[PDB]
Amino acid sequence: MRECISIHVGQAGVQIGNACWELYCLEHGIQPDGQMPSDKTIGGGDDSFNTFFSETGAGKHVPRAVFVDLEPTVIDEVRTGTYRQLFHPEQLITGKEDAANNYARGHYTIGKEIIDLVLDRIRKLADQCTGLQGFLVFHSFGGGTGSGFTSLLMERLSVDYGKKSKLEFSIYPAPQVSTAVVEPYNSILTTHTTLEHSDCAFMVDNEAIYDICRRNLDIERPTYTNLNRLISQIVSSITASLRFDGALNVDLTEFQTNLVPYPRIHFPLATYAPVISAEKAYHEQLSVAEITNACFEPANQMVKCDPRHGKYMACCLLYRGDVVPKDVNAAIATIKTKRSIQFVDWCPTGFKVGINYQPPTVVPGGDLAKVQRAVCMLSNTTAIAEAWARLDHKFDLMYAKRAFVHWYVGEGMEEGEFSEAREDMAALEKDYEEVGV
Amino acid sequence: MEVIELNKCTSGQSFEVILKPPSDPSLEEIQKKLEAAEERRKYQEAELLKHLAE
Amino acid sequence: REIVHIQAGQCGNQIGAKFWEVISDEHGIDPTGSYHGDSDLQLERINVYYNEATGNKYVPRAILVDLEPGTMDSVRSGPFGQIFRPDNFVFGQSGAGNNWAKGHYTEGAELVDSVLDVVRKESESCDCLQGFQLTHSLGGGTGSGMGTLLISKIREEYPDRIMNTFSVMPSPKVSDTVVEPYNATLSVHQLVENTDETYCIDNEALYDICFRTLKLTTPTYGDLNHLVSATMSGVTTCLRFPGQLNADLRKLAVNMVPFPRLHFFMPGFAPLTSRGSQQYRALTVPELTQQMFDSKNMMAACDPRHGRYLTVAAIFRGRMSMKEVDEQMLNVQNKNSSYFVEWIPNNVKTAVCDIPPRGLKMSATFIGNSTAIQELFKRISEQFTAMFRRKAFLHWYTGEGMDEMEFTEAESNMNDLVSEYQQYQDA
Amino acid sequence: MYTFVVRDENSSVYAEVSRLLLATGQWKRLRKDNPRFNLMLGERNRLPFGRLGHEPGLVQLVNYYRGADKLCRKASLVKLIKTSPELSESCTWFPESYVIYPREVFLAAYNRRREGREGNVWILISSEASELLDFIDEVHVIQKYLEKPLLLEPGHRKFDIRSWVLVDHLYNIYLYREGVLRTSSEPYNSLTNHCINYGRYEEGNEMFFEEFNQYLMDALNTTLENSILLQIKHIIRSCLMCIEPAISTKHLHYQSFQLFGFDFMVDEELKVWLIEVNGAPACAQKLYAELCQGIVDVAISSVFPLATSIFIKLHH
Ligand SMILES: Nc1nc2c(ncn2[C@@H]2O[C@H](COP(=O)(O)OP(=O)(O)OP(=O)(O)O)[C@@H](O)[C@H]2O)c(=O)[nH]1
Ligand SMILES: Nc1ncnc2c1ncn2[C@@H]1O[C@H](COP(=O)(O)OP(=O)(O)CP(=O)(O)O)[C@@H](O)[C@H]1O
Ligand SMILES: COc1cc(C(=O)c2cnc(-c3c[nH]c4ccccc34)[nH]2)cc(OC)c1OC
Ligand SMILES: Nc1nc2c(ncn2[C@@H]2O[C@H](COP(=O)(O)OP(=O)(O)O)[C@@H](O)[C@H]2O)c(=O)[nH]1
Ligand SMILES: [Ca+2]
Ligand SMILES: [Mg+2]
Ligand SMILES: [Mg+2]
């Protein structure tokens with residue numbers, strides 16, 4: 001058993017972290033007070049769930065997590081919320097004034113004043129791990145803290161824990177739930193700085209989550225609570241292999257091996273099915289073939305893009321519920337006939353399948369209905385580069401006139417860092433095109 | 001087609017199905033970068049106070 | 001995050017008193033300074049504008065400044081006059097005489113340090129201070145001359161705090177003196193450099209709205225300041241009431257100001273409402289949206305169709321369907337794409353507050369950074385140059401020690417500002 | 001009001017379509033790079049398909065099908081046919097064609113007929129492989145030249161047929177009832193590009209369907225529908241359905257339609273052959289107004305409504 005540490009940076013990372021750890025507690029039978037009667041090893045153990053939870057002598061099960069934000073409002077609700085007792089007070093780190101949607105202020109001026117404290121709190125977590133595999137970092141592209149501070153932390157973590165894997169859950173900005181006009185700037189800056197320091201990054205476009213909540217949950221105006229609870233289901237699917245017994249994706253290293261053949265191309269697409277409303281009175285439960293076929297519908301992906309106009313480098317199928325391999329293989333054979341699934345020539349056309357028999361857990365009073373089977377597909381397809389082109393085009397429109405750049409240069413940044421970041425993005429887009437066509 | 005490495009346990013199973021075969025800066029430089037932005041930010045501040053003094 | 005409010009001069013103190021009058025009612029605070037309201041939302045962000053006093057008494061974090069005692073004795077006499085802290089009345093005796101030079105260089109120089117003492121004392125008791133809010137006019141002497149001198153002094157002591165002003169611009173239709181273009185041009189040179197956001201409140205627009213739209217035949221300053229007070233309440237709604245944006249003076253500046261000197265905003269309001277006259281029909285979410293972008297609801301006398309919007313912030317107040325507000329706001333951008341710059345994507349931001357302003361069930365406040373504001377500055381420039389080419393009335397200012405070169409510089413800087421707004425109109 | 005944007009100024013067809021939309025009074029052309037459009041008449045190259053369908057509150061339509069280039073490039077089309085089982089190896093209606101890059105497959109089948117005395121004249125038309133193959137090195141497609149083209153008289157004139165096809169967002173396949181006959185004015189000797197005499201037998205080397213029908217009747221005792229068009233409808237339908245799963249926008253965040261030009265040649269025994277498919281076609285001058293209004297009717301107004309058809313629906 002090798003431990004994993006979760007780091008939630010900025011408002012988006014913190015609030016998504018709340019929903020994730022709430023879902024983990026329900027999945028593992030841990031009460032809001034930290035007790036797990038399921039755990040018969042009292043005060044410790046090396047079980048699969050101990051990858052994400054540590055044990056105290058009093059039987060309290062504590063997330064191996066740290067929450068950091070440059071402003072106290074969001075994390076304060078965690079301190080006063082349903083899971084107050086779950087976390088140690090030192091685990092929740094807050095600044096005093098936020099980054100004001102400015103990458104430079106989050107990275108340079110305000111970020112440098114708290115970076116040393118965060119690493120020490122992280123080091124306290126690492127010293128209670130017998131074998132730390134790495135970190136899972138939740139943050140937004142758009143916010144000043146989620147952008148500037150995350151890239152700062154990722155650099156120091158590379159120095160201090162150079163042998164450890166680092167995975168990201170990144171929130172891609174969408175105008176439907178936007179907070180700032182300079183979010184394309186923050187997105188390009190943080191991606192450029194973090195690119196070599198991240199081993200695998202799962203991008204979640206807020207636009208995709210928003211439409212899924214409207215279309216499949218019949219919520220006219222989805223809130224952050226609606227989006228995060230759905231996001232946590234996908235995150236839980238991706239991390240379930242770490243917290244439960246299984247043969248597939250058992251350590252963070254395996255994620256890179258299975259999903260990332262080239263280091264720069266380390267953004268796998270996530271597709272999740274089925275998403276069904278709890279308020280739907282009459283619902284017909286979907287089969288293995290139906291949910292697997294849904295994995296190739298762009299309307300169910302975490303980023304809207306067309307995988308038909310790209311190439312696959314890897315494909316993982318993560319099932320939860322009543323699923324047996326013979327149904328999976330029969331469904332895959334069926335899908336192969338009817339859909340455009342093309343791999344690069346130096347990769348085998350194959351799927352890595354993992355099945356967990358316990359069906360997805362849903363929070364009581366939530367929006368998602370209980371389903372008898374679900375699947376999350378992780379595919380590394382070059383089609384995800386459509387999101388890079390969209391963002392880079394928005395960056396170009398503003399930067400051609402140097403709109404808002406004075407806010408960044410005002411905090412010590414230089415205009416050259418903008419062009420340096422954009423050139424790296426232009427190179428990333430070209431790498432995707434060479435592999436994809 | 002070909003189903004390989006089937007592993008089972010009471011929680012579930014996992015396997016691979018194959019349809020076709022194939023045909024870092026140091027802490028030092030971090031601080032050099034951060035302090036170089038700090039001097040630019042402090043210089044621009046000193047220009048402000050100089051201009052205000054005029 | 002707390003704000004320090006400063007009202008200077010006749011115009012500044014009047015609209016300032018009305019502003020405290022309006023928002024105190026919104027927050028349930030009486031003239032005693034005691035909260036007698038029906039919701040906890042009124043108090044959730046009351047610290048932004050109010051200090052807490054013994055016996056749960058709320059005191060505005062406001063400083064009242066003038067070189068003349070009279071208008072401030074009026075404020076004390078006014079309906080909410082006893083709410084203000086007595087130590088925050090700072091006044092001279094001579095007066096500014098509608099002379100920018102007297103406010104900036106001579107008479108105002110004597111009083112400025114006394115104000116900063118009060119500003120310092122208010123700042124020290126702030127947990128996290130966002131910045132400063134100033135209300136003043138640019139056509140007089142105190143609010144114009146001394147108000148800008150205070151802004152320069154405050155920026156020196158607080159260079160990392162936001163500076164925000166409500167600046168009333170002179171119009172010959174509402175004019176006290178021929179020298180108002182001189183005072184305004186000198187003031188704009190200061191504001192272009194020492195403020196982060198300036199709300200351009202044009203007296204010409206306020207007069208026209210009262211005359212043409214509210215059918216007021218002879219509008220008073222009380223009529224004008226009814227429009228200003230409603231606008232100030234709407235523009236500060238996100239600061240005073242909780243929202244999803246977690247809004248502050250800096251994020252507003254970051255998102256609304258693509259270039260540092262183009263920070264002069266066109267405020268707008270709807271439904272346009274006359275004092276006392278009751279509105280019985282509430283407006284529809286489509287009606288609010290069309291009126292709020294209508295030129296006849298702008299508080300700066302500029303034609304938005306003569307320029308382009310760099311950024312826009314819209315604040316809706318009342319119980320309404322946010323889906324409809326989204327659809328309707330999306331409808332205007334899509335219908336009129338030509339008047340929004342394409343090189344700033346998603347440059348329109350919408351916010352909603354459940355609590356409505358007093359006397360209305362539905363209200364909308366508009367804040368726009370449009371290149372059409374160059375029309376207002378061009379108007380001041382033309383009036384300025386008309387006198388300046390003959391050096392008319394200059395002796396009032398050279399008698400206080402000013403030189404002609406300072407006028408040439410202020411004239412040149414404003415024409416520079418006009419050309420910069422022109423540059424991004426064709427970009 | 002509806003929004004649209006023009007990004008291919010050389011499109012005679014969509015310049016006509018855009019002027020039609022403006023003249024409806026319910027459409028407004030935007031700046032070329034304004035993202036808030038309802039409709040995009042896009043460029044022919046590097047069209048930013050990944051940017052469509054991400055504007056809140058905006059239904060977006062585009063006059064090109066992403067992935068349709070696989071039908072509209074000679075090397076890809078020839079690949080697509082042989083490699084796809086829908087078009088089923090060597091189907092009857094496509095000439096023997098081979099991808100040779102500036103070789104092994106050519107020699108094996110071709111040499112059989114140079115030995116067998118059957119006419120070996122592939123195509124820049126030669127009969128010796130080395131003459132043409134080594135010449136192309138100064139990608140290319142090597143295609144059998146059908147040496148028995150259909151005789152057209154008076155004049156002994158070789159010809160080719162162009163049919164315009166509109167595919168809407170729902171993947172309805174529409175064949176314009178008016179096809180064009182491009183005529184070679186000079187006789188054949190045992191290329192019909194209008195870009196390469198002219199005007200002797202019919203105007204501008206363009207013969208129409210009402211006329212060519214009567215020639216087929218009077219000369220050959222047959223109908224255009226029975227003799228040729230039945231084969232044409234089958235080839236169009238087979239091609240466009242083969243690629244339907246690859247290019248359909250049925251469940252996409254944006255929508256596609258696209259107008260195509262199909263090229264056929266009819267042999268002596270009245271067999272129809274597919275020459276090429278053109279993703280950017282130009283209509284005949286007489287037919288422009290009728291076709292461009294049909295585009296607006298069925299491709300654009302179907303998605304963006306306002307407040308006897310000219311097409312044949314090829315059913316699938
Ligand atoms: N999915 C999701 N997205 C969020 C959430 N909160 C914020 N965002 C998105 O994150 C982006 C803004 O980042 P924030 O996390 O709010 O900013 P921050 O990290 O706190 O940094 P600051 O600017 O200092 O406040 C916007 O694109 C929002 O749409 C959330 O709870 N869930
Ligand atoms: N196997 C074949 N047998 C007889 N003629 C052929 C032929 N293949 C092509 N041609 C002739 O070549 C001429 C033009 O060549 P090609 O078919 O490649 O382009 P095209 O007819 O579509 C005009 P463009 O290339 O400008 O769109 C056609 O008119 C056709 O008559
Ligand atoms: C200071 O009081 C406000 C503060 C904010 C604010 O903090 C803010 C945070 N994020 C944004 C924007 C993000 N994208 C935009 C596009 C145009 C304009 C603003 C934005 N604004 C917004 C307001 O009005 C909506 C305010 O009332 C005047
Ligand atoms: N709305 C409004 N405007 C005023 C008021 N008093 C003066 N003004 C305007 O302000 C300018 C005169 O400046 P004023 O404030 O009176 O001079 P000061 O006391 O020296 O600052 C003129 O352009 C007037 O039109 C007022 O009460 N309400
Ligand atoms: Ca245990
Ligand atoms: Mg934040
Ligand atoms: Mg006066």
# chains A, B, ... in the order shown; residues from 1 in each chain; ligands from 1
$ residues_around --residues "range 3-7 of chain B" --least-positions-apart "3" --cutoff "12 Å" --atoms "only C-alpha atoms" --output "PyMOL selection string"
(chain A and resi 245-248+324-326+328-330+332+350-355) or (chain B and resi 10-20)
$ interface_residues --of "chain B" --to "chain C" --cutoff "12 Å" --atoms "only C-alpha atoms" --output "list in words"
residues 41, 42, 44, 45, 46, 47, 48, 49, 50, 51, 52, 53 and 54 of chain B
$ interface_residues --of "chain A" --to "chain C" --cutoff "7 Å" --atoms "only C-alpha atoms" --output "PyMOL selection string"
chain A and resi 100-101+175+179-181+221+394+397-398+403-404+407
$ select_by_dssp --residues "range 157-315 of chain A" --states "strand (DSSP E or B)" --output "PDB file with N, CA and C atoms, in the first residue's frame"
ATOM      1  N   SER A 165       4.808  10.906  -8.390  1.00  0.00           N
ATOM      2  CA  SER A 165       3.885  11.194  -9.477  1.00  0.00           C
ATOM      3  C   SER A 165       2.970  12.349  -9.085  1.00  0.00           C
ATOM      4  N   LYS A 166       2.654  13.214 -10.044  1.00  0.00           N
ATOM      5  CA  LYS A 166       1.715  14.302  -9.799  1.00  0.00           C
ATOM      6  C   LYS A 166       0.621  14.269 -10.856  1.00  0.00           C
ATOM      7  N   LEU A 167      -0.628  14.146 -10.410  1.00  0.00           N
ATOM      8  CA  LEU A 167      -1.796  14.135 -11.279  1.00  0.00           C
ATOM      9  C   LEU A 167      -2.660  15.361 -11.004  1.00  0.00           C
ATOM     10  N   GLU A 168      -3.336  15.846 -12.047  1.00  0.00           N
ATOM     11  CA  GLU A 168      -4.186  17.024 -11.941  1.00  0.00           C
ATOM     12  C   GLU A 168      -5.637  16.719 -12.289  1.00  0.00           C
ATOM     13  N   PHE A 169      -6.532  17.449 -11.630  1.00  0.00           N
ATOM     14  CA  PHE A 169      -7.929  17.586 -12.033  1.00  0.00           C
ATOM     15  C   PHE A 169      -8.150  19.078 -12.271  1.00  0.00           C
ATOM     16  N   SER A 170      -8.214  19.471 -13.539  1.00  0.00           N
ATOM     17  CA  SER A 170      -8.194  20.871 -13.937  1.00  0.00           C
ATOM     18  C   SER A 170      -9.543  21.301 -14.499  1.00  0.00           C
ATOM     19  N   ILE A 171     -10.052  22.425 -14.008  1.00  0.00           N
ATOM     20  CA  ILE A 171     -11.322  22.987 -14.460  1.00  0.00           C
ATOM     21  C   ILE A 171     -11.027  24.028 -15.537  1.00  0.00           C
ATOM     22  N   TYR A 172     -11.437  23.726 -16.768  1.00  0.00           N
ATOM     23  CA  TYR A 172     -11.293  24.532 -17.976  1.00  0.00           C
ATOM     24  C   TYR A 172     -12.398  25.589 -18.017  1.00  0.00           C
ATOM     25  N   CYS A 200      -0.081  13.485 -15.356  1.00  0.00           N
ATOM     26  CA  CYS A 200      -1.363  13.184 -15.977  1.00  0.00           C
ATOM     27  C   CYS A 200      -2.367  14.223 -15.502  1.00  0.00           C
ATOM     28  N   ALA A 201      -3.126  14.797 -16.434  1.00  0.00           N
ATOM     29  CA  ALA A 201      -4.080  15.850 -16.107  1.00  0.00           C
ATOM     30  C   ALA A 201      -5.430  15.540 -16.731  1.00  0.00           C
ATOM     31  N   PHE A 202      -6.470  15.521 -15.903  1.00  0.00           N
ATOM     32  CA  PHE A 202      -7.835  15.296 -16.363  1.00  0.00           C
ATOM     33  C   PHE A 202      -8.537  16.646 -16.451  1.00  0.00           C
ATOM     34  N   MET A 203      -8.770  17.114 -17.676  1.00  0.00           N
ATOM     35  CA  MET A 203      -9.446  18.386 -17.886  1.00  0.00           C
ATOM     36  C   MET A 203     -10.951  18.190 -17.840  1.00  0.00           C
ATOM     37  N   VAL A 204     -11.629  19.097 -17.149  1.00  0.00           N
ATOM     38  CA  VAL A 204     -13.081  19.122 -17.093  1.00  0.00           C
ATOM     39  C   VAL A 204     -13.523  20.494 -17.578  1.00  0.00           C
ATOM     40  N   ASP A 205     -14.146  20.534 -18.752  1.00  0.00           N
ATOM     41  CA  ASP A 205     -14.700  21.773 -19.281  1.00  0.00           C
ATOM     42  C   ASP A 205     -16.002  22.080 -18.557  1.00  0.00           C
ATOM     43  N   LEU A 269      -9.051  12.365 -22.235  1.00  0.00           N
ATOM     44  CA  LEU A 269     -10.463  12.714 -22.229  1.00  0.00           C
ATOM     45  C   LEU A 269     -11.253  11.751 -21.352  1.00  0.00           C
ATOM     46  N   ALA A 270     -12.183  12.301 -20.577  1.00  0.00           N
ATOM     47  CA  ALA A 270     -13.063  11.513 -19.725  1.00  0.00           C
ATOM     48  C   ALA A 270     -14.489  11.598 -20.251  1.00  0.00           C
ATOM     49  N   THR A 271     -15.147  10.446 -20.346  1.00  0.00           N
ATOM     50  CA  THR A 271     -16.540  10.350 -20.757  1.00  0.00           C
ATOM     51  C   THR A 271     -17.255   9.471 -19.744  1.00  0.00           C
ATOM     52  N   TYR A 272     -18.423   9.913 -19.289  1.00  0.00           N
ATOM     53  CA  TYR A 272     -19.129   9.242 -18.209  1.00  0.00           C
ATOM     54  C   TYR A 272     -20.563   8.952 -18.619  1.00  0.00           C
ATOM     55  N   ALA A 273     -21.014   7.736 -18.323  1.00  0.00           N
ATOM     56  CA  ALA A 273     -22.390   7.334 -18.556  1.00  0.00           C
ATOM     57  C   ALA A 273     -22.769   6.278 -17.531  1.00  0.00           C
ATOM     58  N   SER A 277     -31.512  11.695 -13.938  1.00  0.00           N
ATOM     59  CA  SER A 277     -32.027  12.513 -12.852  1.00  0.00           C
ATOM     60  C   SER A 277     -32.720  11.667 -11.794  1.00  0.00           C
ATOM     61  N   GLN A 301     -19.000  13.577 -22.790  1.00  0.00           N
ATOM     62  CA  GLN A 301     -17.602  13.813 -22.467  1.00  0.00           C
ATOM     63  C   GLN A 301     -17.440  15.008 -21.529  1.00  0.00           C
ATOM     64  N   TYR A 312      -6.508   7.764 -31.304  1.00  0.00           N
ATOM     65  CA  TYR A 312      -6.396   7.289 -29.935  1.00  0.00           C
ATOM     66  C   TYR A 312      -4.980   6.796 -29.672  1.00  0.00           C
ATOM     67  N   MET A 313      -4.477   7.082 -28.473  1.00  0.00           N
ATOM     68  CA  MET A 313      -3.226   6.504 -28.011  1.00  0.00           C
ATOM     69  C   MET A 313      -3.435   5.489 -26.903  1.00  0.00           C
ATOM     70  N   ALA A 314      -4.571   5.550 -26.213  1.00  0.00           N
ATOM     71  CA  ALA A 314      -4.904   4.635 -25.136  1.00  0.00           C
ATOM     72  C   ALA A 314      -6.391   4.764 -24.845  1.00  0.00           C
ATOM     73  N   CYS A 315      -6.970   3.699 -24.294  1.00  0.00           N
ATOM     74  CA  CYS A 315      -8.381   3.704 -23.938  1.00  0.00           C
ATOM     75  C   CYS A 315      -8.606   2.820 -22.718  1.00  0.00           C
TER      76      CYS A 315
END
$ closest_atom_pairs --of "chain D" --to "ligand 2" --cutoff "7 Å" --atoms "only C-alpha atoms and all ligand atoms" --output "tab-separated table"
residue	atom	partner	partner_atom_place_in_ligand_line	distance
D:95	CA	ligand 2	1 (N)	6.2
D:123	CA	ligand 2	1 (N)	6.9
D:143	CA	ligand 2	1 (N)	6.0
D:144	CA	ligand 2	1 (N)	4.8
D:145	CA	ligand 2	1 (N)	3.2
D:146	CA	ligand 2	3 (N)	4.0
D:147	CA	ligand 2	3 (N)	6.5
D:149	CA	ligand 2	4 (C)	6.8
D:159	CA	ligand 2	31 (O)	6.1
D:160	CA	ligand 2	31 (O)	5.6
D:191	CA	ligand 2	13 (C)	4.1
D:192	CA	ligand 2	29 (O)	3.7
D:193	CA	ligand 2	29 (O)	5.0
D:263	CA	ligand 2	22 (O)	5.8
D:265	CA	ligand 2	31 (O)	6.6
D:275	CA	ligand 2	17 (O)	5.0
D:276	CA	ligand 2	22 (O)	5.3
D:278	CA	ligand 2	27 (O)	6.5
$ interface_residues --of "chain A" --to "chain B" --cutoff "10 Å" --atoms "only C-alpha atoms" --output "PyMOL selection string"
chain A and resi 104+107-109+112+152+155-156+158-160+162+196-197+244-249+316-326+328-330+332-333+336+343-358+409-414
$ select_by_dssp --residues "chain B" --states "helix (DSSP H, G or I)" --output "ChimeraX atom specification"
/B:27-53
$ residues_near_ligand --ligand "ligand 7" --cutoff "7 Å" --atoms "only C-alpha atoms and all ligand atoms" --output "VMD selection string"
chain C and resid 10 98 140 176
$ write_last_selection --atoms "N, CA and C atoms" --output "short mmCIF file (atom, residue, chain, number, x, y, z; two decimals), in the first residue's frame"
data_model
loop_
_atom_site.label_atom_id
_atom_site.label_comp_id
_atom_site.auth_asym_id
_atom_site.auth_seq_id
_atom_site.Cartn_x
_atom_site.Cartn_y
_atom_site.Cartn_z
N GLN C 10 -19.60 70.89 -2.17
CA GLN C 10 -21.05 70.96 -2.10
C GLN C 10 -21.68 69.74 -2.77
N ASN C 98 -15.18 78.18 -6.29
CA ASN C 98 -15.21 77.51 -7.60
C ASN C 98 -13.84 77.56 -8.28
N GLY C 140 -16.46 72.57 -9.58
CA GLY C 140 -16.22 73.51 -8.50
C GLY C 140 -14.75 73.62 -8.13
N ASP C 176 -22.91 76.66 -12.64
CA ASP C 176 -22.77 77.70 -11.63
C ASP C 176 -21.80 78.80 -12.04
#
$ residues_around --residues "residue 91 in chain D" --least-positions-apart "6" --cutoff "12 Å" --atoms "only C-alpha atoms" --output "list in words"
residues 78, 80, 81, 82, 83, 84, 85, 97, 234, 235, 238, 239, 273 and 274 of chain D
$ atom_distance --atom1 "CA of residue 23 in chain A" --atom2 "CA of residue 151 in chain A"
27.1 Å
$ residues_near_ligand --ligand "ligand 6" --cutoff "12 Å" --atoms "only C-alpha atoms and all ligand atoms" --output "PyMOL selection string"
(chain A and resi 9-15+68-75+94-103+106+139-149+179-180) or (chain C and resi 244-248+251)
$ residues_around --residues "residue 20 in chain D" --least-positions-apart "5" --cutoff "12 Å" --atoms "only C-alpha atoms" --output "PyMOL selection string"
chain D and resi 13-15+25-29+288-297+300-301
$ write_last_selection --atoms "N, CA, C and O atoms" --output "short mmCIF file (atom, residue, chain, number, x, y, z; two decimals), in the first residue's frame"
data_model
loop_
_atom_site.label_atom_id
_atom_site.label_comp_id
_atom_site.auth_asym_id
_atom_site.auth_seq_id
_atom_site.Cartn_x
_atom_site.Cartn_y
_atom_site.Cartn_z
N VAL D 13 -21.10 30.55 -55.26
CA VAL D 13 -22.36 29.99 -54.79
C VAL D 13 -22.82 30.68 -53.51
O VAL D 13 -23.98 31.09 -53.39
N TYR D 14 -21.91 30.83 -52.54
CA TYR D 14 -22.30 31.37 -51.24
C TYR D 14 -22.26 32.89 -51.19
O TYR D 14 -22.88 33.48 -50.30
N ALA D 15 -21.55 33.54 -52.12
CA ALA D 15 -21.78 34.96 -52.33
C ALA D 15 -23.21 35.20 -52.80
O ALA D 15 -23.87 36.15 -52.36
N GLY D 25 -34.15 40.41 -45.31
CA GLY D 25 -34.43 41.33 -44.23
C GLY D 25 -34.39 40.72 -42.84
O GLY D 25 -34.63 41.44 -41.86
N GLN D 26 -34.10 39.43 -42.72
CA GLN D 26 -34.05 38.74 -41.43
C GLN D 26 -32.68 38.13 -41.16
O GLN D 26 -32.55 37.31 -40.24
N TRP D 27 -31.66 38.53 -41.92
CA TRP D 27 -30.29 38.06 -41.73
C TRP D 27 -29.35 39.26 -41.80
O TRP D 27 -29.59 40.20 -42.55
N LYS D 28 -28.27 39.21 -41.01
CA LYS D 28 -27.30 40.30 -40.95
C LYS D 28 -25.90 39.73 -40.99
O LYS D 28 -25.52 38.95 -40.11
N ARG D 29 -25.12 40.13 -41.99
CA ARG D 29 -23.73 39.69 -42.08
C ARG D 29 -22.88 40.43 -41.05
O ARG D 29 -23.02 41.64 -40.86
N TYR D 288 -27.78 29.17 -61.19
CA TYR D 288 -27.31 29.70 -59.91
C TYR D 288 -28.46 30.10 -59.00
O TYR D 288 -28.54 29.67 -57.85
N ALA D 289 -29.38 30.93 -59.52
CA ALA D 289 -30.44 31.47 -58.68
C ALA D 289 -31.32 30.37 -58.11
O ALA D 289 -31.65 30.38 -56.92
N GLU D 290 -31.72 29.40 -58.95
CA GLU D 290 -32.57 28.32 -58.47
C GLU D 290 -31.87 27.50 -57.39
O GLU D 290 -32.46 27.22 -56.34
N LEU D 291 -30.61 27.14 -57.61
CA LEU D 291 -29.92 26.28 -56.66
C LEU D 291 -29.59 27.01 -55.36
O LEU D 291 -29.76 26.46 -54.27
N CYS D 292 -29.13 28.26 -55.46
CA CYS D 292 -28.76 29.00 -54.26
C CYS D 292 -29.98 29.29 -53.39
O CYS D 292 -29.86 29.37 -52.16
N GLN D 293 -31.16 29.45 -54.00
CA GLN D 293 -32.37 29.58 -53.20
C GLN D 293 -32.77 28.24 -52.58
O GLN D 293 -33.30 28.21 -51.47
N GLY D 294 -32.53 27.14 -53.29
CA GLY D 294 -32.80 25.83 -52.71
C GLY D 294 -31.91 25.53 -51.52
O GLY D 294 -32.34 24.89 -50.56
N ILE D 295 -30.66 25.98 -51.57
CA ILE D 295 -29.77 25.88 -50.42
C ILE D 295 -30.38 26.61 -49.23
O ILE D 295 -30.51 26.06 -48.13
N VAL D 296 -30.76 27.88 -49.44
CA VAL D 296 -31.36 28.67 -48.37
C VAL D 296 -32.62 27.98 -47.83
O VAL D 296 -32.82 27.88 -46.62
N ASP D 297 -33.46 27.48 -48.74
CA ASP D 297 -34.72 26.86 -48.34
C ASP D 297 -34.49 25.67 -47.43
O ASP D 297 -35.05 25.59 -46.33
N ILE D 300 -30.51 26.14 -44.87
CA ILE D 300 -30.34 27.25 -43.94
C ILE D 300 -31.65 27.59 -43.23
O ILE D 300 -31.68 27.70 -42.00
N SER D 301 -32.73 27.77 -43.98
CA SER D 301 -34.01 28.12 -43.36
C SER D 301 -34.61 26.95 -42.59
O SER D 301 -35.48 27.16 -41.74
#
$ residues_near_ligand --ligand "ligand 5" --cutoff "8 Å" --atoms "only C-alpha atoms and all ligand atoms" --output "list in words"
residues 39, 40, 41, 42, 43, 44, 45, 46, 47, 50 and 55 of chain A
$ interface_residues --of "chain D" --to "chain A" --cutoff "8 Å" --atoms "only C-alpha atoms" --output "count of residues only"
9
